[PDB]
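Please read the structure below before turning to the comments.
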Amino acid sequence: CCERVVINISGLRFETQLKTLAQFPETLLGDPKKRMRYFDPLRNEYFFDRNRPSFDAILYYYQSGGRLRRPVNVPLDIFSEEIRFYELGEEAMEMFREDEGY
Amino acid sequence: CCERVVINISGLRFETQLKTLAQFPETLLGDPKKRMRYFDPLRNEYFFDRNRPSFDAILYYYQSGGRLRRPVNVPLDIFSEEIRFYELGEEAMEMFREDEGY
Amino acid sequence: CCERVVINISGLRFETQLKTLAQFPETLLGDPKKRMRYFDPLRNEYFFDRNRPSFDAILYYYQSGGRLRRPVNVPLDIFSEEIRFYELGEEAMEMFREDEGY
Amino acid sequence: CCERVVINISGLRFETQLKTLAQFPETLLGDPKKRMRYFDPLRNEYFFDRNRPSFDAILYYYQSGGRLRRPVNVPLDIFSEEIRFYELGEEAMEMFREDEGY
Amino acid sequence: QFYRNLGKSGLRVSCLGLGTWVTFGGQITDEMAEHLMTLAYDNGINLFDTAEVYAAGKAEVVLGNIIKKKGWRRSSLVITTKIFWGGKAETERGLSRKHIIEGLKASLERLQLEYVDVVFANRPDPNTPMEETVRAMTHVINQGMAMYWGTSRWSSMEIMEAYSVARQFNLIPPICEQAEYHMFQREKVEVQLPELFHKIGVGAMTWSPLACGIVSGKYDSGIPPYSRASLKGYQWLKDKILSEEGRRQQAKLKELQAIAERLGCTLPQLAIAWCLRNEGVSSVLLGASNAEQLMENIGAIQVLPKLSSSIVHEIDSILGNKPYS
Amino acid sequence: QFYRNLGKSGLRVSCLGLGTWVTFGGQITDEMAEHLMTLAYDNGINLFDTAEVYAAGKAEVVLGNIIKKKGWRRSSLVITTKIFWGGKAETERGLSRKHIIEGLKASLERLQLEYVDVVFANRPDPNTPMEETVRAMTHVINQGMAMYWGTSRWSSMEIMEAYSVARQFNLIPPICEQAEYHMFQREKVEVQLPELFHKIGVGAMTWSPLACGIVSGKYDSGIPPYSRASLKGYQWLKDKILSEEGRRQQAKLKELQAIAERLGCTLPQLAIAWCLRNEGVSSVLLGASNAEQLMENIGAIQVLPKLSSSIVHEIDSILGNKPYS
Amino acid sequence: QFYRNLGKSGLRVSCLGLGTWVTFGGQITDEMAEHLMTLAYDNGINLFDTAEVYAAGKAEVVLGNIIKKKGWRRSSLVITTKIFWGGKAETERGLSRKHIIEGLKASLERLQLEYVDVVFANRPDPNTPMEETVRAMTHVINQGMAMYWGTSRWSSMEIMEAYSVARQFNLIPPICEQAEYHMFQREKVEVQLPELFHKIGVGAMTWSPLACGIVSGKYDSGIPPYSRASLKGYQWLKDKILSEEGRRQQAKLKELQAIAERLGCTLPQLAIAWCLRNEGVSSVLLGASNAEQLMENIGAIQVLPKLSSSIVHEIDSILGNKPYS
Amino acid sequence: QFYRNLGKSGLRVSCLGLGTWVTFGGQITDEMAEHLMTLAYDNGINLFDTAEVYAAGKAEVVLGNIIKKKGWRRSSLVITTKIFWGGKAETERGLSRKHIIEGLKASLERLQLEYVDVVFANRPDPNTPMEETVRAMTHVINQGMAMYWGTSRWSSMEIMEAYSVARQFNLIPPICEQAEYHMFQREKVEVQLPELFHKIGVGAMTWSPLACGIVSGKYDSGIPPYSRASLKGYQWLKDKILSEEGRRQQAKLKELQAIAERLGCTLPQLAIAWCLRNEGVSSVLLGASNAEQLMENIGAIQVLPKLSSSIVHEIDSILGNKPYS
Ligand SMILES: NC(=O)c1ccc[n+]([C@@H]2O[C@H](COP(=O)([O-])OP(=O)(O)OC[C@H]3O[C@@H](n4cnc5c(N)ncnc54)[C@H](OP(=O)(O)O)[C@@H]3O)[C@@H](O)[C@H]2O)c1
Ligand SMILES: NC(=O)c1ccc[n+]([C@@H]2O[C@H](COP(=O)([O-])OP(=O)(O)OC[C@H]3O[C@@H](n4cnc5c(N)ncnc54)[C@H](OP(=O)(O)O)[C@@H]3O)[C@@H](O)[C@H]2O)c1
Ligand SMILES: NC(=O)c1ccc[n+]([C@@H]2O[C@H](COP(=O)([O-])OP(=O)(O)OC[C@H]3O[C@@H](n4cnc5c(N)ncnc54)[C@H](OP(=O)(O)O)[C@@H]3O)[C@@H](O)[C@H]2O)c1
Ligand SMILES: NC(=O)c1ccc[n+]([C@@H]2O[C@H](COP(=O)([O-])OP(=O)(O)OC[C@H]3O[C@@H](n4cnc5c(N)ncnc54)[C@H](OP(=O)(O)O)[C@@H]3O)[C@@H](O)[C@H]2O)c1
């Protein structure tokens, strides 16, 4: 709820409440056992050495509640390998490709 | 005037003077009673767990004095639900749609 | 030279060496008497409550040595009112409009 | 291995693991003797007073393992002078121009 | 509940405090000063406010000898002090780093204490940066000379500036605010202070609930002998009562005699329980010159359940000075 | 190995600790208290836990006279204390900055020590910000009154809140956690605590391994004389044993008599080595009223190699209370 | 106004200060040193500058015995010291952490003080990082050995470097700057210093307003006996006066005799009120060897209303050395 | 330049230091220990390295009585200590916050010093976080027990980890590094340490330049009596000399006799000036058991201009162990 989780994507910091990420319990950011290995205890943050412009669409997936879409500057090969890492499911991947038309 | 207000939009920090936000007293960022519930006392900032690229056009609405326009990477369904949150009025919404053509 | 100057554009921080800004002594960022009124002594930085995406093209004007160009997401009315503030001259404004075609 | 290298590109932070940059030992960010002259010891970071949007494509070259591509807002004259600085080779430059079509 | 927090802080103070302004070290004797604190400490008051400017430092000496004589635990008391005026020299005034460290070290030798709890900046200093004040207040807390710090008579922009510097430099923000609040002074504690409390967590410790004795109603027949208006050097209080704005206030206090008669209370008990009627005011600093006045004013806690919403509406029609936000 | 780290910290404590609750300064004499610590310190125990609330502060006095007289190096001991209740005054309770600094300075004069190692917040304080607690705990560490600090009985959300304030303000995070862990209290140390240990590095120093003497099995024939349930002011323990939920637990302990007979051990030695069977629990605070009990409970270290996986599966079928994640 | 702030800081100093260089502990006796400070302190001067290098540390001893003998309040004085030279050993020079902490502690035992107000770095140290100097200056302020710190003879780039380390590491920036400023040395305080004052808030405390006695005009007929140029080890001042660049300066001082005759003043009073004519200079460190010189130089405050814009234009045509920005 | 900085720090140390390992408090008497330090301090050596593990703490006692007897200024000396081992207890080892604060406070009572210049972590601690070590080393510097801190035998990843914690938490980074460097141990100081010097500013204070006396050449005819290899408990040095890898080294030292004969020097003077031939090594810790050895080894500064580039090329062909980057 009130607790805010700082997620650091290669030096870019995103801060969101814990009850936003816990809306989707089977993803990598929703399951605390999965994201436990990315925690930086000296900085109190989750560090992902991953693609930087992909994560704003991954973050707004949790905030809007399931409305993800590809950013305009991120290609389809890069962004589809980010949905598989962040584990947004076999279900929200099919809604992604139909919007895409693939 | 001199006082600067730090507004944190999901980890992205925007700093502006207080006399910029107080130019428009009926919005969410202009009325101190409305934005009181978003204040983070420990960090001395206003935290909004909202859309990140929408707020640069919302911030430049206050700086330019009423000239808002949609960013090129933010769709019309996302950005119109941000003008309703930040409470920019029924008056600056109609000037937005005419530029838009809606 | 070695000294670095932190310029804060509405919460976005740009750090550059002092011998980069001092390459152009008649602009607002090159003349120390002009930029004296924007200095924040408690944070050791220059704070400009101005447009945010315009300044990356203004910063790379000093780094490249005179090669400025408009960013793709910043319109011509917004970006031309930033060249007049940062005082890049009557000479580098004419090289801007010819590239533009104005 | 777990050590993280913070790279500062004109005020924009780009934290990365050391075993990511050490994947390519002949570049400027892979050879510790080459990047030694850019280290800021008071801040524990590498400071480059260079172009800002070019480096996200340079950073994702090391993370993906050799897949670089030009960002959409960075022109071909600006971005090609960044590959020569970061010393990504005569070999990954030829793979860049063929994708480009040059 | 009689004990309440001071702001958002963990410091539990009583809802009535005792102040050493004028009466201690000045007006009344050392033996009566020993008797008033024993009467206050046995009624549950733990808040004892003094300053270095009071009686040229003699008010802290009287307070200091009572805690040693009575053998009170320092843990059970909340001793607060105020630091702005140290003496005649130019370096002995203000909120500079030199005077906050010297003036508090000088007050801790008159009080004979190892620490005070809340040190107050007694008024704002325009000739000092706010960084220097907040660093010097943080310094005397980390040295252990004080636990908390607060501000007295600082506008809410100066309190919000002080708070901002403490978050910038990882210093200690103030917890408290002393503001004048009685029936004839309502603008700061009802408008400005409430906003601060919900935002950053600063409470109010309001002083002079009877307006130096005016709202007690004793001055309706002129100036009685042996009251504060007849003391030496207090012509500003006699000019305040006898002026035409001060003669009008006594015409309102006779209208408040009827409301205090409808309750069981008196007019000093009404004027104190009116100050405690909100959750924003964290304490009230009394003033008492004898044992009948202090026993009367501690009886104002019983009047606080008697104030309904309707009596608060009735008093504000008599006062006619309710502030607008 | 008998010595193990406390959390991720460098503080090496023994796997069995001795507590001064009830016995020291209360139940047993000063001469038996001198004999139990010499028996514990000669068996390798360096962890000696006390509090200021125990015996109205008399338990720290007994511990304090034992370390002075024996002449035990302070370097070889790990002395821990707990600070929540100081006395009757309203300012003498809680985790405010006033009470953490005063209550630890008051405990260091009864213990006659220059510093304790770990100061514990004995319970959480809802009337205090977490910034004020973490700044006051950092203050007494930087003054040198304590080396480490921990929390007792805090929800893992309160521990994670106190951790995030220490990283925000560059303060010192807690290293430890005291939680009740025996065969009849498993929810916090097996579910909540393990998550904290791998994330931020907080270990558990579990207290009451025999549930105030219940799991020793002595209460199966009623209430024996001169045990803790028959002491004055401990009716809450007699109501716990004689109730129908407490009579059911004694029916489980007779089933544990057969498992303790299959090993060489007894039932107190089984109930302690069961608490040390995981890597998350960093220590166990014993309680002992005489020299036969303490010699028995230190014999539970050698029973810890005897516990296989199968006996752990066998006890949990008898207990029937294994928590689910 | 006679008292003015030191930079932007809250430290209120007088516009004339007294320095212990040469005269104290060296040239003049201890009894005359007691008489000059009583004459200065009774005229409102609170600024008394010394150093550890002066008279091999004997100048701080003389100053130290006067404050104890006169019984002056430490609160009313502003004592400043300089710490760059300690002795013959290699570890006794520089601005290292060893010498700042070690050096200041040695000066506080000769001055017999608990603290000085402003400790100055007497010259820059190329063999030390600026982090080590700013951390060591912050250390002696947080220990309470000093209130403020400043720098002497530092290039405005070195002052701006020391400022940017203090904001980086949350340390304490310097408040002051001692720079030589008389009629024949104008480049730093009129060009470099003003920029610093409006940017970061560093004031100037200028020393040698009479250029070691040259601008007093006493050296026009050669070298008078019992002046500073005839003292032992001051051949550098005799070589400065008698050289052809120094003989030209005396030809300008005869032209300044006519301007000092048009006013009521003398030439030392003119040369001091010329240094105070701007708002950037926060103080002027006098030097006086007897009571007639000090009474003369404190009479330069009266000449400061007499300087109009036109006399400032007239002197600068005689001097012919106005710097260009 | 006899005096050189220690890393980038402002601490000026001499190029030769005196160590108290084995000799002081062990091998040689207290009267010879007084004579060696007077011979060293009169030749300009200010660096005197000791540890708490040496002679079970008796080596610091001997050093402590010499500084009090000779009346040396503490300002002129650089005293360094090492804190890894304190005794037999489990809490008396490691780099925990408990042992760094206790072990340095225990060493300052044997040395009879107020403070020490550099405190050295004598070896790395795998059972302690680096945050706890850097916070405890920062703590004893801010309390004034030490000025600087360094590390001993820490790999360059552990030094770079300790540096990145100090910038993260605004702590104090180490300035120094003690690494073994002689003709038969070259890998750390020529490859790993030079990289760290130019990056973060850590210098090397190399110990054992003669490899516990091997490179002096005295062991070529077996084991001479009254040397270190024949002392009690030093069988590891006799096993090192008499082994087949240690017999091969003596065959190289006879080839170095010809190079030491071409210069005026001896083989101990050659083996020390070879260690000072680079700018990375900031000091060399000697060892001396009598006054002829120490007078011989201080004569190695004169041999340092005699080493050209060609003799450095000639020795490395004899040694045959030059590391590759
Ligand atoms: N700037 C600041 O922070 C500040 C400034 C002023 C005061 N304070 C604090 O507030 C306290 C003073 O409040 P105050 O004394 O000024 O106003 P009160 O309203 O606190 O004044 C009480 C005085 O008025 C008279 N009085 C009180 N109760 C009475 C009763 N029931 N019947 C008849 N007379 C009564 C008393 O006798 P007399 O009429 O004979 O005197 C008494 O001396 C001080 O102790 C001080 O610590 C703070
Ligand atoms: N909030 C907190 O942090 C907290 C709260 C409570 C305790 N603690 C710590 O934990 C310690 C107490 O643990 P505890 O004493 O409550 O439970 P135990 O389970 O530690 O209780 C031991 C007590 O039960 C009886 N007993 C122990 N071993 C026995 C044996 N082998 N045979 C027969 N009887 C035996 C003893 O004699 P009797 O039956 O005659 O008494 C003894 O007094 C204290 O020292 C305290 O420091 C911490
Ligand atoms: N690096 C630094 O920070 C630094 C360096 C130097 C000085 N200072 C400070 O500045 C102070 C010294 O200033 P200063 O003494 O060098 O130059 P002044 O210009 O301050 O020198 C005054 C000296 O010149 C002569 N003099 C002064 N007034 C006179 C008058 N009205 N008539 C005739 N002779 C007069 C005096 O007698 P005599 O001619 O007989 O001597 C006196 O000893 C020191 O106290 C020191 O604290 C600081
Ligand atoms: N971990 C650490 O940080 C660490 C570890 C060890 C030492 N250290 C420091 O380094 C110092 C020790 O260096 P070291 O003593 O081990 O190696 P050296 O190379 O410093 O050893 C000198 C010893 O070898 C012999 N020797 C020296 N010069 C000689 C000469 N000219 N001719 C003949 N023999 C000579 C001496 O007599 P003998 O042969 O009769 O003994 C002497 O006792 C200690 O004082 C200690 O403080 C630090």
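By order in the structure tokens, chains are A, B, ...; within a chain, residues start at 1; ligands start at 1, following the order shown.
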
Env. residues ligand 1 / 7 Å / only C-alpha atoms and all ligand atoms / as a PyMOL selection string: chain E and resi 18-21+23+49-50+122+152-153+178-179+207-213+216+218+226-228+268+285-289+293-294+296-297

Please give chain A as a PDB file with C-alpha atoms, in the first residue's frame, after it has been superposed on chain B by least squares over all Cα atoms paired in order.
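The resulting file, out.pdb, is shown below:
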```pdb
ATOM      1  CA  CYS A   1       7.778  32.777  -5.458  1.00  0.00           C
ATOM      2  CA  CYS A   2      11.306  31.702  -4.517  1.00  0.00           C
ATOM      3  CA  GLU A   3      10.095  28.476  -2.940  1.00  0.00           C
ATOM      4  CA  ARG A   4      10.514  25.508  -5.257  1.00  0.00           C
ATOM      5  CA  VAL A   5       8.155  22.575  -5.251  1.00  0.00           C
ATOM      6  CA  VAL A   6       9.537  19.142  -6.101  1.00  0.00           C
ATOM      7  CA  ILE A   7       6.955  16.965  -7.837  1.00  0.00           C
ATOM      8  CA  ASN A   8       7.865  13.301  -8.217  1.00  0.00           C
ATOM      9  CA  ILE A   9       6.022  11.415 -10.960  1.00  0.00           C
ATOM     10  CA  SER A  10       6.806   7.708 -10.414  1.00  0.00           C
ATOM     11  CA  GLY A  11      10.469   8.338  -9.765  1.00  0.00           C
ATOM     12  CA  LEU A  12      10.915  11.149 -12.271  1.00  0.00           C
ATOM     13  CA  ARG A  13      11.508  14.439 -10.499  1.00  0.00           C
ATOM     14  CA  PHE A  14      10.305  17.819 -11.703  1.00  0.00           C
ATOM     15  CA  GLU A  15      11.193  20.953  -9.757  1.00  0.00           C
ATOM     16  CA  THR A  16       9.333  24.196 -10.283  1.00  0.00           C
ATOM     17  CA  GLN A  17       8.844  27.413  -8.355  1.00  0.00           C
ATOM     18  CA  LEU A  18       5.764  27.772  -6.193  1.00  0.00           C
ATOM     19  CA  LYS A  19       4.632  30.919  -8.000  1.00  0.00           C
ATOM     20  CA  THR A  20       4.413  28.919 -11.228  1.00  0.00           C
ATOM     21  CA  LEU A  21       1.947  26.363  -9.876  1.00  0.00           C
ATOM     22  CA  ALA A  22       0.024  29.084  -8.021  1.00  0.00           C
ATOM     23  CA  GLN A  23      -0.740  30.826 -11.308  1.00  0.00           C
ATOM     24  CA  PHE A  24      -3.734  28.474 -11.731  1.00  0.00           C
ATOM     25  CA  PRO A  25      -5.440  28.202  -8.334  1.00  0.00           C
ATOM     26  CA  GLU A  26      -8.231  25.730  -9.135  1.00  0.00           C
ATOM     27  CA  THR A  27      -6.142  22.817 -10.418  1.00  0.00           C
ATOM     28  CA  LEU A  28      -4.721  19.968  -8.357  1.00  0.00           C
ATOM     29  CA  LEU A  29      -1.223  21.447  -8.344  1.00  0.00           C
ATOM     30  CA  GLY A  30      -2.447  24.984  -7.747  1.00  0.00           C
ATOM     31  CA  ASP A  31      -4.713  24.398  -4.769  1.00  0.00           C
ATOM     32  CA  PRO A  32      -2.716  23.528  -1.616  1.00  0.00           C
ATOM     33  CA  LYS A  33      -5.677  21.738  -0.058  1.00  0.00           C
ATOM     34  CA  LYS A  34      -5.965  19.386  -3.034  1.00  0.00           C
ATOM     35  CA  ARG A  35      -2.280  18.457  -3.339  1.00  0.00           C
ATOM     36  CA  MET A  36      -1.912  18.058   0.427  1.00  0.00           C
ATOM     37  CA  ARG A  37      -2.670  14.342   0.243  1.00  0.00           C
ATOM     38  CA  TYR A  38       0.229  13.653  -2.114  1.00  0.00           C
ATOM     39  CA  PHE A  39       2.990  15.182   0.012  1.00  0.00           C
ATOM     40  CA  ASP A  40       5.853  12.959   1.097  1.00  0.00           C
ATOM     41  CA  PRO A  41       7.203  14.582   4.275  1.00  0.00           C
ATOM     42  CA  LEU A  42      10.284  12.378   4.620  1.00  0.00           C
ATOM     43  CA  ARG A  43      11.469  13.410   1.154  1.00  0.00           C
ATOM     44  CA  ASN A  44       9.868  16.910   0.965  1.00  0.00           C
ATOM     45  CA  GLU A  45       8.123  16.238  -2.321  1.00  0.00           C
ATOM     46  CA  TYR A  46       4.790  15.490  -3.965  1.00  0.00           C
ATOM     47  CA  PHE A  47       4.641  11.879  -5.138  1.00  0.00           C
ATOM     48  CA  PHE A  48       2.253  10.910  -7.929  1.00  0.00           C
ATOM     49  CA  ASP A  49       2.250   7.266  -8.998  1.00  0.00           C
ATOM     50  CA  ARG A  50       0.973   8.231 -12.427  1.00  0.00           C
ATOM     51  CA  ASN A  51       2.032   8.249 -16.071  1.00  0.00           C
ATOM     52  CA  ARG A  52       5.540   9.502 -16.628  1.00  0.00           C
ATOM     53  CA  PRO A  53       5.691  11.114 -20.144  1.00  0.00           C
ATOM     54  CA  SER A  54       2.375  12.890 -19.692  1.00  0.00           C
ATOM     55  CA  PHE A  55       3.591  15.233 -16.992  1.00  0.00           C
ATOM     56  CA  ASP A  56       6.139  17.178 -19.029  1.00  0.00           C
ATOM     57  CA  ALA A  57       3.240  18.573 -21.043  1.00  0.00           C
ATOM     58  CA  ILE A  58       1.322  19.160 -17.810  1.00  0.00           C
ATOM     59  CA  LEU A  59       4.309  20.953 -16.286  1.00  0.00           C
ATOM     60  CA  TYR A  60       4.827  23.185 -19.319  1.00  0.00           C
ATOM     61  CA  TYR A  61       1.142  24.145 -19.130  1.00  0.00           C
ATOM     62  CA  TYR A  62       1.965  26.081 -15.948  1.00  0.00           C
ATOM     63  CA  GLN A  63       5.286  27.485 -17.133  1.00  0.00           C
ATOM     64  CA  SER A  64       4.092  28.825 -20.482  1.00  0.00           C
ATOM     65  CA  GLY A  65       0.882  30.036 -18.866  1.00  0.00           C
ATOM     66  CA  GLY A  66      -1.814  27.976 -20.561  1.00  0.00           C
ATOM     67  CA  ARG A  67      -0.198  26.492 -23.662  1.00  0.00           C
ATOM     68  CA  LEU A  68      -0.579  22.739 -23.343  1.00  0.00           C
ATOM     69  CA  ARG A  69      -0.264  20.226 -26.134  1.00  0.00           C
ATOM     70  CA  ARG A  70      -0.067  16.492 -26.303  1.00  0.00           C
ATOM     71  CA  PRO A  71       3.377  14.883 -26.477  1.00  0.00           C
ATOM     72  CA  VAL A  72       4.074  12.925 -29.628  1.00  0.00           C
ATOM     73  CA  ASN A  73       4.589   9.580 -27.874  1.00  0.00           C
ATOM     74  CA  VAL A  74       1.572   9.791 -25.537  1.00  0.00           C
ATOM     75  CA  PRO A  75      -1.735   8.607 -27.056  1.00  0.00           C
ATOM     76  CA  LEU A  76      -5.000  10.467 -26.869  1.00  0.00           C
ATOM     77  CA  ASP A  77      -6.654   8.023 -24.459  1.00  0.00           C
ATOM     78  CA  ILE A  78      -3.744   8.121 -22.025  1.00  0.00           C
ATOM     79  CA  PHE A  79      -3.182  11.875 -22.124  1.00  0.00           C
ATOM     80  CA  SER A  80      -6.841  12.848 -21.823  1.00  0.00           C
ATOM     81  CA  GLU A  81      -7.151  10.835 -18.608  1.00  0.00           C
ATOM     82  CA  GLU A  82      -4.224  12.836 -17.239  1.00  0.00           C
ATOM     83  CA  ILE A  83      -5.845  16.220 -17.873  1.00  0.00           C
ATOM     84  CA  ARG A  84      -8.846  15.026 -15.876  1.00  0.00           C
ATOM     85  CA  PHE A  85      -6.656  13.990 -12.949  1.00  0.00           C
ATOM     86  CA  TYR A  86      -4.531  17.135 -12.804  1.00  0.00           C
ATOM     87  CA  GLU A  87      -7.838  19.042 -13.042  1.00  0.00           C
ATOM     88  CA  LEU A  88      -6.851  21.528 -15.708  1.00  0.00           C
ATOM     89  CA  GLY A  89     -10.498  22.453 -16.137  1.00  0.00           C
ATOM     90  CA  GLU A  90     -13.441  22.200 -18.477  1.00  0.00           C
ATOM     91  CA  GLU A  91     -12.038  25.311 -20.166  1.00  0.00           C
ATOM     92  CA  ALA A  92      -8.507  24.176 -21.051  1.00  0.00           C
ATOM     93  CA  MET A  93      -9.887  20.799 -22.111  1.00  0.00           C
ATOM     94  CA  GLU A  94     -11.943  22.396 -24.896  1.00  0.00           C
ATOM     95  CA  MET A  95      -8.903  24.297 -26.162  1.00  0.00           C
ATOM     96  CA  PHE A  96      -7.108  20.945 -26.164  1.00  0.00           C
ATOM     97  CA  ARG A  97      -9.641  19.065 -28.303  1.00  0.00           C
ATOM     98  CA  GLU A  98      -9.941  21.822 -30.912  1.00  0.00           C
ATOM     99  CA  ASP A  99      -6.196  21.772 -31.467  1.00  0.00           C
ATOM    100  CA  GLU A 100      -6.631  18.006 -31.648  1.00  0.00           C
ATOM    101  CA  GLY A 101      -9.641  18.382 -33.919  1.00  0.00           C
ATOM    102  CA  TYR A 102     -11.868  16.280 -31.672  1.00  0.00           C
TER     103      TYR A 102
END
```

Based on DSSP run over this structure's backbone, return all residues of stretch 87-231 of chain F in alpha helix (DSSP H), as a PyMOL selection string. chain F and resi 97-110+130-142+156-168+187+193-199

DSSP says strand (DSSP E or B) for which residues of chain C? Put them as a PyMOL selection string? chain C and resi 4-9+12-17+39-40+45-48

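Those residues that approach residue G:311 to within 9 Å, counting only C-alpha atoms, are residues 259, 306 and 316 of chain G; same-chain residues fewer than 5 positions away are not listed.
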
Only C-alpha atoms, please: the residues just picked out, written as a tab-separated table (two decimals), in the first residue's frame.
```tsv
chain	number	residue	atom	x	y	z
G	259	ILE	CA	43.54	65.20	0.15
G	306	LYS	CA	33.28	62.24	4.77
G	316	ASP	CA	42.13	56.80	-7.66
```

Residue contacts of residue E:156 (12 Å, only C-alpha atoms) excluding same-chain residues fewer than 5 positions away, as a short mmCIF file (atom, residue, chain, number, x, y, z; two decimals) with C-alpha atoms, in the first residue's frame:
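Result saved to part_39.cif:
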```cif
data_model
loop_
_atom_site.label_atom_id
_atom_site.label_comp_id
_atom_site.auth_asym_id
_atom_site.auth_seq_id
_atom_site.Cartn_x
_atom_site.Cartn_y
_atom_site.Cartn_z
CA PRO E 124 13.37 34.84 13.71
CA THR E 151 10.56 28.00 16.90
CA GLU E 161 11.93 27.21 4.88
CA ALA E 162 13.59 25.76 7.99
CA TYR E 163 11.99 22.39 7.30
CA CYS E 176 7.04 22.73 17.65
CA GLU E 177 5.89 26.32 17.42
CA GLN E 178 5.01 28.81 20.12
CA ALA E 179 2.32 31.22 18.98
CA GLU E 187 -5.10 34.38 13.05
CA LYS E 188 -1.97 32.24 13.26
CA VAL E 189 -3.12 29.20 15.20
CA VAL E 191 -5.35 29.48 9.84
CA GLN E 192 -1.58 29.22 9.38
CA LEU E 193 -0.71 26.56 11.99
CA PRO E 194 -3.24 23.87 10.99
CA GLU E 195 -1.84 23.72 7.45
CA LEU E 196 1.65 23.12 8.83
CA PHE E 197 0.49 20.36 11.17
CA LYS E 199 1.84 18.76 6.00
CA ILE E 200 5.13 18.50 7.89
CA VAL E 202 4.63 20.81 13.51
CA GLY E 203 2.47 21.36 16.56
CA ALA E 204 1.63 24.52 18.46
#
```
